[PDB]
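Asker: Mind having a look at this structure? Questions to follow.
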Amino acid sequence: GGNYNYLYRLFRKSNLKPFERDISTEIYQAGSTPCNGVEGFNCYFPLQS
Amino acid sequence: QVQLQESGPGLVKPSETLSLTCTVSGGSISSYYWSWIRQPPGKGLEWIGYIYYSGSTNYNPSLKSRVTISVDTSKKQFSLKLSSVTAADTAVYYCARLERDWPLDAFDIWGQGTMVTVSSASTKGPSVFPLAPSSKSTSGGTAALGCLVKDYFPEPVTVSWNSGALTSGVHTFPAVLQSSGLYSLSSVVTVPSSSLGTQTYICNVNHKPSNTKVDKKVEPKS
Amino acid sequence: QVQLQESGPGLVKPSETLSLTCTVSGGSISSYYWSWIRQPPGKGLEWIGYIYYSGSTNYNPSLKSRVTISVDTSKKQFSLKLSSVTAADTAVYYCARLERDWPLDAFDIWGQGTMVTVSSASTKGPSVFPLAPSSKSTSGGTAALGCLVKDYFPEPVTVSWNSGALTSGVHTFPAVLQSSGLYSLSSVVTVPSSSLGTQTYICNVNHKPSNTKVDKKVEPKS
Amino acid sequence: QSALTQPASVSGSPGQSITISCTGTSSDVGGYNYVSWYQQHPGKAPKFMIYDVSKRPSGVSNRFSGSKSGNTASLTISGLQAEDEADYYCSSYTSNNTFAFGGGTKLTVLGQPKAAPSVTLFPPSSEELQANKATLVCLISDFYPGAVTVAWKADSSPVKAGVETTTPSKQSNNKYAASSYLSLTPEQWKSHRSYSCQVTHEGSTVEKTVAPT
Amino acid sequence: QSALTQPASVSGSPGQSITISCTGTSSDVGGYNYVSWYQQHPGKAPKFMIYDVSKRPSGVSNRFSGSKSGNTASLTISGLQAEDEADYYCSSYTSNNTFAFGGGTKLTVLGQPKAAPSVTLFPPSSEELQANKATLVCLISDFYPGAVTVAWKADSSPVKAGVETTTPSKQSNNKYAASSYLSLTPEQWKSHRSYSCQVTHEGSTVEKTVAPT
Ligand SMILES: *[C@@H]1O[C@H](CO)[C@@H](O[C@@H]2O[C@H](CO)[C@@H](O)[C@H](O)[C@H]2NC(C)=O)[C@H](O)[C@H]1NC(C)=O
Ligand SMILES: *[C@@H]1O[C@H](CO)[C@@H](O[C@@H]2O[C@H](CO)[C@@H](O)[C@H](O)[C@H]2NC(C)=O)[C@H](O)[C@H]1NC(C)=O
């Protein structure tokens with residue numbers, strides 16, 4: 001049925017520094033339009049499973 | 001940069017084994033996955049196996065027990081051989097890459113496919129004829145002329161003008177399947193009428209399934 | 001190697017502030033002096049200040065209390081702003097370098113200037129028309145054709161042929177100031193008459209003050 | 001070795017937005033999020049659009065967006081521009097270690113014009129005549145509503161033998177073009193003083209007429 | 001904020017030599033020797049010639065020489081070649097920390113030929129006619145002595161309304177070219193069966209004549 005408890009981050013502003021860690025969960029903003037914490041086109045949740 | 005390109009014939013009757021290759025242009029073998037994708041006329045896509053490069057595989061159990069893929073890494077080829085075809089596999093055949101490493105997945109650069117018909121009635125060469133303009137065929141400063149291609153079993157014939165010289169006002173009409181079972185089509189170009197007495201044009205029909213390659217000049221009428 | 005190039009518009013009415021820049025091509029900022037030089041129509045030159053690069057200045061007291069020069073060393077710009085113009089400053093404006101280090105002095109590589117008119121009657125787009133040749137317009141093996149441009153306030157319009165294709169027999173006549181106050185001019189080319197039925201030509205008017213850019217084909221007469 | 005699910009053609013006006021769906025079982029699209037979309041122009045090769053429910057690869061407009069709810073993904077286009085009339089497929093990574101493709105969905109931008117048919121007629125070619133053949137050729141293009149009917153005629157008569165016709169098909173300017181073929185014996189071509197082709201399209205009937213020499 | 005001093009045009013025959021003067025106060029040219037010369041071709045950008053009363057920068061002919069006596073400098077050209085017809089300016093480093101330019105001097109190489117006028121005529125363009133306009137265009141070039149006068153004519157009549165004329169101006173081959181414009185209503189262009197352009201130049205009168213279609 002699928003083990004959906006193992007997630008990974010697929011969007012970030014900039015690549016990590018070595019051994020750096022980032023557990024935030026802010027709505028990513030692809031396009032120029034601001035997101036205001038809601039999903040939509042060019043406003044994506046940053047974690048997939 | 002990297003592009004694909006199909007190969008191989010198709011016209012064989014029913015119940016045999018066909019072959020195809022997808023020689024790689026830009027050069028990227030040995031790193032990705034490479035798969036073959038069918039598509040019948042007017043219907044949705046499909047899928048068949050792939051082959052890593054070092055190891056290998058095959059897939060789509062519905063087509064299993066019929067298909068074999070092989071890879072020649074030296075000259076960068078995929079062979080695909082289906083066996084005992086059934087004239088229900090009369091389709092276009094793309095050879096898209098695949099993608100790993102950077103997850104992505106799905107697919108990627110494709111390869112223009114190859115119409116592969118499966119039936120009797122072996123290939124026929126087309127007959128070419130010119131379509132000259134006239135005083136009625138001009139529209140003042142503009143005028144149109146063309147070329148008729150007739151009676152060929154290939155089906156996927158192609159047409160150029162003056163070795164691909166002109167891209168303005170050129171139109172190729174879709175082929176009509178005549179009651180005889182042979183196809184025939186037409187190509188046309190419209191251009192400023194003034195250049196009619198000074199300039200020359202040749203329409204160049206290429207028929208890959210046969211070996212027909214005919215280039216015919218068009219001329220004003222007497 | 002190093003070249004200059006002006007910028008900036010000019011057509012504003014009287015009593016305002018204009019601007020110009022002289023972006024540097026070959027790349028030599030931060031080492032020399034850079035100054036701006038006026039020239040009215042049909043009269044002698046003039047001079048305005050300069051700006052070292054690190055420090056700065058301004059000059060020509062006759063024009064003092066009106067002019068300000070600035071420099072952006074990053075993208076290599078000189079701004080020049082005169083204020084409250086008077087329609088007596090209707091001139092071409094060069095941006096020549098200067099020279100130090102090796103004494104020399106005087107000036108050096110200039111920049112093709114920029115006609116900057118000062119008056120009312122805001123810009124107007126030109127109307128383009130073709131001038132076809134004829135049996136009377138040919139001289140046996142040779143023949144001439146042209147293009148008329150009409151009724152524009154820009155004044156410094158420019159004209160090319162087939163994207164600058166031809167440089168033989170091309171002549172652009174000086175503009176005439178009509179009683180209306182609008183200018184209109186003509187361009188012409190003479191060429192071996194034989195190529196008349198086979199070849200094509202387009203005259204391309206560029207009007208930098210408006211944004212008009214019109215390219216029109218010339219054709220033989222019916 | 002089965003298939004997915006997708007609706008047939010959809011509709012929409014320019015400048016608006018539209019959302020096309022792609023529904024599958026919870027063992028391919030529910031239990032995965034490796035879905036990707038593909039856009040295919042008529043008679044072309046499909047083009048890669050976005051991997052992982054959403055992630056336009058560098059090179060695609062930002063008017064496209066992907067999303068999922070549960071074993072159902074969807075693609076949204078914004079400001080419908082009248083060059084996106086194409087087919088759209090979705091794919092995923094079904095179990096059993098295999099991929100699967102949708103069923104396709106024809107996008108219709110709800111074109112504005114009612115372009116009238118550009119018609120032309122072509123008489124037999126000489127080599128064809130000497131080849132003991134004749135074939136009148138009627139060509140049409142640049143008419144928007146692709147619902148034309150063509151009527152072959154002797155010098156003016158309705159004639160119903162040797163007429164072949166294609167169905168209209170889309171151009172690159174989103175317009176339509178078609179052709180009609182009239183096969184005849186050379187005695188038939190030398191037989192009539194004229195022939196005519198009639199194109200009926202939205203009431204409007206345009207006609208061409210030719211004559212041997 | 002004043003100015004220097006220079007003579008107007010000078011004259012000279014080829015192969016000879018000529019000297020052009022530049023006189024200023026003894027607080028700019030007397031009290032300095034930073035003078036430099038500049039050559040400008042008609043409708044071009046001036047060109048740098050020699051810094052410090054004399055010192056042709058690598059790239060200029062050696063037919064030029066500069067010199068000074070006292071608050072008066074001068075430039076000498078040798079073997080006048082008939083491509084040096086231009087304007088010549090001198091500059092210096094006046095006190096008050098500023099520069100100054102001369103007044104310019106038109107060099108005349110005393111041309112040899114008496115080139116006759118090449119004339120051409122152009123009738124209205126069709127788009128202009130449909131645009132409710134008409135403009136006959138008379139062009140002239142390749143005549144040396146720039147003293148032509150143009151006479152506009154109805155089918156042969158002297159006509160004096162709507163005539164505009166430029167003054168001759170120098171070509172690159174040192175010859176001259178001019179134009180004349182005759183504005184007319186379309187009824188005027190359809191009105192006369194012909195029109196004519198007369199160019200008088202050194203007694204010689206050349207004429208062109210056109211006709212509507
Ligand atoms: C792959 O998995 C699918 C199920 O997701 C298998 O499909 C069939 O399942 C449907 C019900 O969902 C049945 O109605 C069919 O009769 C089943 N067919 C078969 C052949 O099992 C499918 O078979 C699997 N294929 C492989 C190679 O494992
Ligand atoms: C720069 O010096 C000049 C003199 O060389 C100044 O000019 C004037 O001198 C003349 C006589 O030679 C007088 O007739 C003018 O009335 C003077 N005008 C002025 C404004 O003084 C000039 O003024 C000086 N300019 C600066 C900025 O110092």
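Naming works like this for the structure tokens: A, B, ... for the chains as they're shown, residue 1 at the start of each chain, ligands 1 onward in shown order.
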Return as a list in words the residues belonging to chain B that are within 9 Å of chain C, counting only C-alpha atoms.
Answerer: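 In the required form, that comes to residues 194, 195, 196, 197, 198 and 199 of chain B.
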Asker: With C-alpha atoms retained, could you export that selection as a PDB file, in the first residue's frame?
Answerer:
```
ATOM      1  CA  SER B 194       6.597  38.456 -60.730  1.00  0.00           C
ATOM      2  CA  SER B 195       9.393  35.918 -60.213  1.00  0.00           C
ATOM      3  CA  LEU B 196       7.535  33.437 -62.429  1.00  0.00           C
ATOM      4  CA  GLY B 197       9.392  34.163 -65.659  1.00  0.00           C
ATOM      5  CA  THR B 198      12.865  34.423 -64.180  1.00  0.00           C
ATOM      6  CA  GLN B 199      13.074  31.788 -61.464  1.00  0.00           C
TER       7      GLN B 199
END
```
Asker: Please identify the residues whose atoms come within 7 Å of ligand 2, using only C-alpha atoms and all ligand atoms, and report them as an NGL selection string.
Answerer: (:C and (61)) or (:E and (1 or 27 or 95-96))
Asker: If you measure from CA of residue 200 in chain E to CA of residue 150 in chain E, what distance in Å do you get, rounded to one decimal?
Answerer: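 Answer for the CA of residue 200 in chain E to CA of residue 150 in chain E separation: 6.4 Å.
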Asker: Write out as a list in words each polymer residue (protein, DNA or RNA) that has an atom no more than 10 Å from ligand 1, with only C-alpha atoms and all ligand atoms counted.
Answerer: residues 59, 60, 61, 62 and 64 of chain B; 1, 2, 3, 25, 26, 27, 28, 94, 95, 96, 97 and 98 of chain D
Asker: With N, CA, C and O atoms retained, could you export that selection as a PDB file, in the first residue's frame?
Answerer:
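Saved the output as part31.pdb:
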```
ATOM      1  N   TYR B  59      10.278  -5.327 -20.746  1.00  0.00           N
ATOM      2  CA  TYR B  59       9.167  -4.977 -19.876  1.00  0.00           C
ATOM      3  C   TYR B  59       7.850  -5.046 -20.629  1.00  0.00           C
ATOM      4  O   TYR B  59       7.747  -5.660 -21.693  1.00  0.00           O
ATOM      5  N   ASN B  60       6.838  -4.422 -20.045  1.00  0.00           N
ATOM      6  CA  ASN B  60       5.459  -4.380 -20.492  1.00  0.00           C
ATOM      7  C   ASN B  60       4.958  -5.779 -20.780  1.00  0.00           C
ATOM      8  O   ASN B  60       4.892  -6.201 -21.938  1.00  0.00           O
ATOM      9  N   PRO B  61       4.621  -6.523 -19.729  1.00  0.00           N
ATOM     10  CA  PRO B  61       4.238  -7.927 -19.889  1.00  0.00           C
ATOM     11  C   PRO B  61       3.193  -8.167 -20.948  1.00  0.00           C
ATOM     12  O   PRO B  61       3.211  -9.233 -21.570  1.00  0.00           O
ATOM     13  N   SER B  62       2.285  -7.218 -21.170  1.00  0.00           N
ATOM     14  CA  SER B  62       1.321  -7.384 -22.243  1.00  0.00           C
ATOM     15  C   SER B  62       2.013  -7.676 -23.557  1.00  0.00           C
ATOM     16  O   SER B  62       1.529  -8.488 -24.349  1.00  0.00           O
ATOM     17  N   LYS B  64       5.122  -8.842 -23.490  1.00  0.00           N
ATOM     18  CA  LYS B  64       6.166  -9.802 -23.209  1.00  0.00           C
ATOM     19  C   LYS B  64       5.960 -11.050 -24.055  1.00  0.00           C
ATOM     20  O   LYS B  64       4.913 -11.246 -24.674  1.00  0.00           O
TER      21      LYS B  64
ATOM     22  N   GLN D   1      -0.293  -3.830 -17.859  1.00  0.00           N
ATOM     23  CA  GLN D   1      -0.723  -4.025 -19.237  1.00  0.00           C
ATOM     24  C   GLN D   1      -2.176  -3.605 -19.427  1.00  0.00           C
ATOM     25  O   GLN D   1      -2.931  -4.253 -20.150  1.00  0.00           O
ATOM     26  N   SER D   2      -2.562  -2.514 -18.773  1.00  0.00           N
ATOM     27  CA  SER D   2      -3.927  -2.005 -18.868  1.00  0.00           C
ATOM     28  C   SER D   2      -3.968  -0.576 -19.416  1.00  0.00           C
ATOM     29  O   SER D   2      -3.870  -0.365 -20.623  1.00  0.00           O
ATOM     30  N   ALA D   3      -4.118   0.402 -18.525  1.00  0.00           N
ATOM     31  CA  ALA D   3      -4.171   1.803 -18.930  1.00  0.00           C
ATOM     32  C   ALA D   3      -4.573   2.717 -17.775  1.00  0.00           C
ATOM     33  O   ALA D   3      -4.943   2.251 -16.698  1.00  0.00           O
ATOM     34  N   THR D  25      -5.530   4.623 -10.379  1.00  0.00           N
ATOM     35  CA  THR D  25      -5.717   3.867  -9.157  1.00  0.00           C
ATOM     36  C   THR D  25      -4.741   4.335  -8.090  1.00  0.00           C
ATOM     37  O   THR D  25      -3.796   5.077  -8.347  1.00  0.00           O
ATOM     38  N   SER D  26      -4.969   3.877  -6.871  1.00  0.00           N
ATOM     39  CA  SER D  26      -4.112   4.273  -5.769  1.00  0.00           C
ATOM     40  C   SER D  26      -2.979   3.276  -5.623  1.00  0.00           C
ATOM     41  O   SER D  26      -2.466   3.053  -4.524  1.00  0.00           O
ATOM     42  N   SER D  27      -2.600   2.657  -6.729  1.00  0.00           N
ATOM     43  CA  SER D  27      -1.429   1.802  -6.783  1.00  0.00           C
ATOM     44  C   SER D  27      -0.455   2.291  -7.842  1.00  0.00           C
ATOM     45  O   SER D  27       0.617   1.715  -8.023  1.00  0.00           O
ATOM     46  N   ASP D  28      -0.840   3.322  -8.586  1.00  0.00           N
ATOM     47  CA  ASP D  28       0.085   3.951  -9.510  1.00  0.00           C
ATOM     48  C   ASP D  28       0.256   5.429  -9.210  1.00  0.00           C
ATOM     49  O   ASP D  28       1.374   5.907  -9.018  1.00  0.00           O
ATOM     50  N   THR D  94       3.584   3.007 -12.508  1.00  0.00           N
ATOM     51  CA  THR D  94       2.802   1.915 -11.949  1.00  0.00           C
ATOM     52  C   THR D  94       3.709   0.874 -11.314  1.00  0.00           C
ATOM     53  O   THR D  94       4.898   0.808 -11.618  1.00  0.00           O
ATOM     54  N   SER D  95       3.141   0.060 -10.432  1.00  0.00           N
ATOM     55  CA  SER D  95       3.907  -0.985  -9.771  1.00  0.00           C
ATOM     56  C   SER D  95       4.354  -1.994 -10.814  1.00  0.00           C
ATOM     57  O   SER D  95       4.438  -1.674 -11.997  1.00  0.00           O
ATOM     58  N   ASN D  96       4.640  -3.216 -10.381  1.00  0.00           N
ATOM     59  CA  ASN D  96       5.082  -4.254 -11.306  1.00  0.00           C
ATOM     60  C   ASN D  96       6.310  -3.793 -12.082  1.00  0.00           C
ATOM     61  O   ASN D  96       6.755  -4.461 -13.013  1.00  0.00           O
ATOM     62  N   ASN D  97       6.851  -2.644 -11.691  1.00  0.00           N
ATOM     63  CA  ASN D  97       8.025  -2.084 -12.349  1.00  0.00           C
ATOM     64  C   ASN D  97       7.749  -1.724 -13.805  1.00  0.00           C
ATOM     65  O   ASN D  97       8.382  -2.258 -14.715  1.00  0.00           O
ATOM     66  N   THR D  98       6.802  -0.816 -14.019  1.00  0.00           N
ATOM     67  CA  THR D  98       6.450  -0.392 -15.368  1.00  0.00           C
ATOM     68  C   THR D  98       5.811   0.991 -15.386  1.00  0.00           C
ATOM     69  O   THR D  98       5.374   1.502 -14.356  1.00  0.00           O
TER      70      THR D  98
END
```
Asker: Please provide the set of residues having any atom within 10 Å of residue 213 in chain D, restricted to only C-alpha atoms, with same-chain residues fewer than 4 positions apart removed, written as a ChimeraX atom specification.
Answerer: /D:123,190,193-194
Asker: Hey, what does DSSP flag as strand (DSSP E or B) within chain A? Can you give it to me as a list in words?
Answerer: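 The residues of chain A classed as strand (DSSP E or B) are residues 8, 9, 28, 29, 40, 43, 44, 47 and 48 of chain A.
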Asker: Any chance you could lay chain D over chain E, fitting all C-alpha atoms in order by least squares, and write the moved chain as a compact mmCIF listing (two decimals) with C-alpha atoms, in the first residue's frame?
Answerer:
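Wrote it out as part-v1.txt, contents follow:
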```
# COMPACT_ATOMS: atom_id res chain seq x y z
CA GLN D 1 33.53 81.49 -22.90
CA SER D 2 34.44 83.41 -26.05
CA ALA D 3 36.19 81.95 -29.11
CA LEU D 4 39.33 81.80 -31.26
CA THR D 5 39.93 82.93 -34.85
CA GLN D 6 40.20 81.35 -38.28
CA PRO D 7 39.63 82.36 -41.90
CA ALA D 8 36.71 81.10 -43.95
CA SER D 9 37.14 78.99 -47.08
CA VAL D 10 40.46 78.92 -48.90
CA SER D 11 41.38 77.82 -52.41
CA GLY D 12 44.07 75.79 -54.10
CA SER D 13 45.10 73.64 -57.07
CA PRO D 14 46.14 70.00 -56.80
CA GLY D 15 49.76 69.05 -56.35
CA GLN D 16 50.59 72.44 -54.85
CA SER D 17 50.83 73.28 -51.18
CA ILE D 18 48.60 75.42 -49.00
CA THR D 19 48.76 76.86 -45.49
CA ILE D 20 45.79 77.62 -43.26
CA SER D 21 46.12 79.92 -40.28
CA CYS D 22 44.76 79.95 -36.75
CA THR D 23 45.31 83.14 -34.74
CA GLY D 24 44.55 83.63 -31.07
CA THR D 25 45.50 85.76 -28.12
CA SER D 26 48.82 85.44 -26.38
CA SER D 27 47.07 83.92 -23.39
CA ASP D 28 45.91 80.78 -25.16
CA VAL D 29 48.04 80.10 -28.21
CA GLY D 30 50.88 82.43 -27.41
CA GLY D 31 51.23 81.26 -23.86
CA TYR D 32 50.86 77.60 -24.72
CA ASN D 33 51.81 75.09 -27.33
CA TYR D 34 49.20 72.42 -26.74
CA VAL D 35 47.46 73.18 -30.01
CA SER D 36 45.94 70.40 -32.09
CA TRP D 37 44.16 70.18 -35.41
CA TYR D 38 41.07 68.28 -36.50
CA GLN D 39 39.68 67.37 -39.90
CA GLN D 40 35.97 66.86 -40.37
CA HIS D 41 34.33 65.48 -43.46
CA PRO D 42 30.82 66.71 -44.29
CA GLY D 43 28.29 65.00 -42.06
CA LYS D 44 30.85 62.91 -40.21
CA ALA D 45 32.73 62.92 -36.98
CA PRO D 46 35.93 64.95 -36.72
CA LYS D 47 39.25 63.16 -36.92
CA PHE D 48 42.31 63.76 -34.79
CA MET D 49 45.27 65.14 -36.71
CA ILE D 50 48.28 66.31 -34.70
CA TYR D 51 48.97 67.17 -31.06
CA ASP D 52 51.54 69.75 -29.97
CA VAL D 53 51.77 72.13 -32.93
CA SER D 54 53.16 69.18 -34.90
CA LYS D 55 53.30 65.41 -34.45
CA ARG D 56 51.16 63.39 -36.85
CA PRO D 57 49.89 60.44 -34.82
CA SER D 58 50.86 57.09 -36.35
CA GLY D 59 48.18 56.72 -39.00
CA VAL D 60 48.11 60.09 -40.75
CA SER D 61 49.80 60.98 -44.02
CA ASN D 62 53.07 62.87 -44.02
CA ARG D 63 51.73 65.62 -46.26
CA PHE D 64 50.61 67.57 -43.18
CA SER D 65 52.79 69.84 -41.08
CA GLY D 66 52.10 72.11 -38.15
CA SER D 67 53.98 75.20 -37.04
CA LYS D 68 53.84 78.25 -34.82
CA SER D 69 55.18 81.76 -34.83
CA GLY D 70 53.55 83.50 -31.87
CA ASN D 71 49.95 83.31 -30.71
CA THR D 72 49.39 82.13 -34.28
CA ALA D 73 49.68 78.55 -35.49
CA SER D 74 49.29 77.17 -38.97
CA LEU D 75 48.80 73.93 -40.85
CA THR D 76 50.32 73.17 -44.23
CA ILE D 77 49.22 70.54 -46.73
CA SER D 78 51.43 69.47 -49.61
CA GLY D 79 50.38 68.08 -52.94
CA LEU D 80 46.71 68.92 -52.57
CA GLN D 81 44.83 65.71 -53.23
CA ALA D 82 41.19 66.05 -54.16
CA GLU D 83 39.88 64.13 -51.20
CA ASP D 84 40.96 66.65 -48.55
CA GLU D 85 38.04 68.97 -49.20
CA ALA D 86 36.79 69.18 -45.64
CA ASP D 87 36.67 71.48 -42.66
CA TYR D 88 39.67 72.09 -40.45
CA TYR D 89 39.51 73.18 -36.83
CA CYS D 90 42.22 74.10 -34.37
CA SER D 91 42.00 73.81 -30.61
CA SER D 92 44.14 74.77 -27.66
CA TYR D 93 44.26 75.03 -23.88
CA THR D 94 43.13 78.54 -22.98
CA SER D 95 43.76 79.63 -19.41
CA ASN D 96 40.99 79.53 -16.81
CA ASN D 97 41.47 75.78 -17.23
CA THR D 98 39.47 75.30 -20.43
CA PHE D 99 39.69 74.45 -24.13
CA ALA D 100 38.56 76.32 -27.19
CA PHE D 101 37.90 75.58 -30.83
CA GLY D 102 38.38 77.62 -33.97
CA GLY D 103 35.81 78.65 -36.51
CA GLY D 104 36.41 76.20 -39.30
CA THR D 105 37.71 76.65 -42.80
CA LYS D 106 36.27 75.03 -45.91
CA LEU D 107 39.01 73.69 -48.13
CA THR D 108 38.37 73.95 -51.86
CA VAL D 109 40.60 71.90 -54.14
CA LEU D 110 39.49 73.89 -57.18
CA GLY D 111 37.82 71.03 -58.99
CA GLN D 112 38.52 70.44 -62.66
CA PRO D 113 35.40 69.02 -64.36
CA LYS D 114 32.16 70.68 -65.37
CA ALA D 115 29.99 67.59 -64.84
CA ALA D 116 26.55 67.83 -66.40
CA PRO D 117 23.40 67.07 -64.41
CA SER D 118 22.14 63.51 -64.25
CA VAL D 119 18.37 64.03 -63.91
CA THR D 120 15.52 61.67 -63.10
CA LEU D 121 11.78 61.98 -62.54
CA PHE D 122 9.39 59.93 -60.49
CA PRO D 123 5.61 59.87 -60.71
CA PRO D 124 3.21 59.33 -57.80
CA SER D 125 3.16 55.96 -56.10
CA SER D 126 -0.12 54.08 -56.19
CA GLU D 127 -0.51 53.84 -52.41
CA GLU D 128 0.03 57.58 -52.27
CA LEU D 129 -2.66 58.15 -54.89
CA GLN D 130 -5.15 56.00 -53.00
CA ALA D 131 -3.97 57.89 -49.91
CA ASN D 132 -5.50 61.03 -51.45
CA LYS D 133 -2.10 62.49 -52.31
CA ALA D 134 0.32 63.06 -55.17
CA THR D 135 3.97 64.13 -55.13
CA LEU D 136 6.14 64.36 -58.23
CA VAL D 137 9.80 63.88 -57.38
CA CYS D 138 12.71 65.32 -59.37
CA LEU D 139 16.20 64.06 -58.53
CA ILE D 140 19.56 65.32 -59.78
CA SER D 141 23.11 64.21 -59.14
CA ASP D 142 26.63 64.06 -60.57
CA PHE D 143 26.93 67.65 -61.72
CA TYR D 144 30.00 69.48 -60.59
CA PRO D 145 29.21 73.21 -60.52
CA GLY D 146 26.43 73.27 -57.97
CA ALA D 147 24.37 76.08 -59.46
CA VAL D 148 21.34 74.35 -60.94
CA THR D 149 17.85 75.81 -60.94
CA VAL D 150 14.79 73.60 -61.28
CA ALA D 151 11.51 74.57 -62.95
CA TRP D 152 8.33 72.61 -62.31
CA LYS D 153 5.89 72.24 -65.16
CA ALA D 154 2.45 71.01 -65.93
CA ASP D 155 2.42 69.09 -69.20
CA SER D 156 4.68 71.90 -70.25
CA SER D 157 3.54 74.91 -68.23
CA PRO D 158 5.50 76.75 -65.57
CA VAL D 159 3.82 75.89 -62.27
CA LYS D 160 4.68 77.62 -59.00
CA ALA D 161 2.48 75.96 -56.35
CA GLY D 162 3.67 73.08 -54.20
CA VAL D 163 7.29 73.32 -55.36
CA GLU D 164 9.96 72.68 -52.73
CA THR D 165 13.69 72.55 -53.41
CA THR D 166 16.85 71.70 -51.54
CA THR D 167 20.14 73.46 -52.08
CA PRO D 168 22.85 71.32 -53.70
CA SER D 169 25.21 69.47 -51.41
CA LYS D 170 28.42 67.58 -51.89
CA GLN D 171 28.60 63.86 -52.64
CA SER D 172 31.47 61.55 -51.77
CA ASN D 173 32.83 61.87 -55.32
CA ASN D 174 32.88 65.63 -54.66
CA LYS D 175 29.93 66.06 -56.98
CA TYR D 176 26.57 67.50 -56.09
CA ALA D 177 23.01 66.30 -55.80
CA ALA D 178 19.65 67.94 -55.22
CA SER D 179 15.94 67.23 -55.22
CA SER D 180 12.64 68.98 -55.92
CA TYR D 181 9.20 68.04 -54.69
CA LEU D 182 5.85 68.90 -56.27
CA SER D 183 2.87 68.27 -54.01
CA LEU D 184 -0.44 67.82 -55.80
CA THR D 185 -3.94 66.61 -55.19
CA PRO D 186 -4.80 63.27 -56.84
CA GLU D 187 -7.22 65.09 -59.09
CA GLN D 188 -4.23 67.16 -60.22
CA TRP D 189 -2.25 64.02 -61.02
CA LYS D 190 -5.10 62.47 -62.97
CA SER D 191 -5.65 65.97 -64.37
CA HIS D 192 -2.63 66.56 -66.62
CA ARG D 193 -1.62 64.18 -69.38
CA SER D 194 2.03 64.87 -68.63
CA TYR D 195 4.39 66.88 -66.45
CA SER D 196 7.92 68.10 -66.89
CA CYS D 197 10.97 69.01 -64.83
CA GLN D 198 13.51 71.46 -66.24
CA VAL D 199 17.05 71.75 -64.86
CA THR D 200 19.12 74.76 -65.92
CA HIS D 201 22.82 74.42 -65.23
CA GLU D 202 25.45 76.47 -67.07
CA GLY D 203 23.08 77.40 -69.89
CA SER D 204 22.39 73.73 -70.55
CA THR D 205 18.73 72.94 -69.93
CA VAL D 206 17.87 69.27 -69.46
CA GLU D 207 14.24 68.25 -69.14
CA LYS D 208 12.32 65.17 -68.03
CA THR D 209 8.69 64.47 -68.85
CA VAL D 210 6.29 61.90 -67.40
CA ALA D 211 2.65 60.96 -67.87
CA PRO D 212 -0.01 59.31 -65.67
CA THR D 213 0.32 55.67 -66.68
```
Asker: Enter the distance from CA of residue 147 in chain B to CA of residue 201 in chain C, in Å, rounded to one decimal.
Answerer: 28.5 Å
Asker: Which one of B:112, B:206, B:166, B:102 sits closest to chain A if you count only C-alpha atoms?
Answerer: B:102
Asker: Excluding same-chain residues fewer than 4 positions from range 31-36 of chain C, what lies within 7 Å of it counting only C-alpha atoms, as a PyMOL selection string?
Answerer: chain C and resi 47-52+93-100
Asker: Expressed in Å to a single decimal, how great is the separation between CA of residue 157 in chain C and CA of residue 79 in chain C?
Answerer: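 CA of residue 79 in chain C lies at a distance of 23.9 Å from CA of residue 157 in chain C.
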Asker: Fewer than 2 positions away in the same chain doesn't count, so skip those; otherwise give me all residues within 12 Å of residue 213 in chain C, counting only C-alpha atoms, as a PyMOL selection string.
Answerer: chain C and resi 125-128+149+157-160+163+203-211+215-216
Asker: Go through C:109, C:22, C:12, C:115 one by one, measure the shortest atom-to-atom distance of each to residue 83 in chain C using only C-alpha atoms, and give the residue with the smallest value.
Answerer: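 When distances to residue 83 in chain C are compared using only C-alpha atoms, the smallest one comes from C:12.
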Asker: Neighbours of range 3-16 of chain A within 8 Å (only C-alpha atoms; same-chain residues fewer than 2 positions away dropped), as a PyMOL selection string?
Answerer: chain A and resi 1+18-21+28+46-49
Asker: Could those residues be written to a file, using C-alpha atoms, as a PDB file, in the first residue's frame?
Answerer:
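Result file out.pdb:
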```pdb
ATOM      1  CA  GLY A   1       0.000   0.000   0.000  1.00  0.00           C
ATOM      2  CA  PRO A  18      28.291  20.954   3.327  1.00  0.00           C
ATOM      3  CA  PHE A  19      26.831  19.280   6.421  1.00  0.00           C
ATOM      4  CA  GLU A  20      24.086  21.891   6.632  1.00  0.00           C
ATOM      5  CA  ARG A  21      20.561  20.895   7.611  1.00  0.00           C
ATOM      6  CA  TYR A  28       8.150  27.450  -1.790  1.00  0.00           C
ATOM      7  CA  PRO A  46       8.414  21.671  -0.551  1.00  0.00           C
ATOM      8  CA  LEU A  47       8.323  18.042   0.663  1.00  0.00           C
ATOM      9  CA  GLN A  48       7.447  14.914  -1.280  1.00  0.00           C
ATOM     10  CA  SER A  49       7.238  11.328  -0.069  1.00  0.00           C
TER      11      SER A  49
END
```
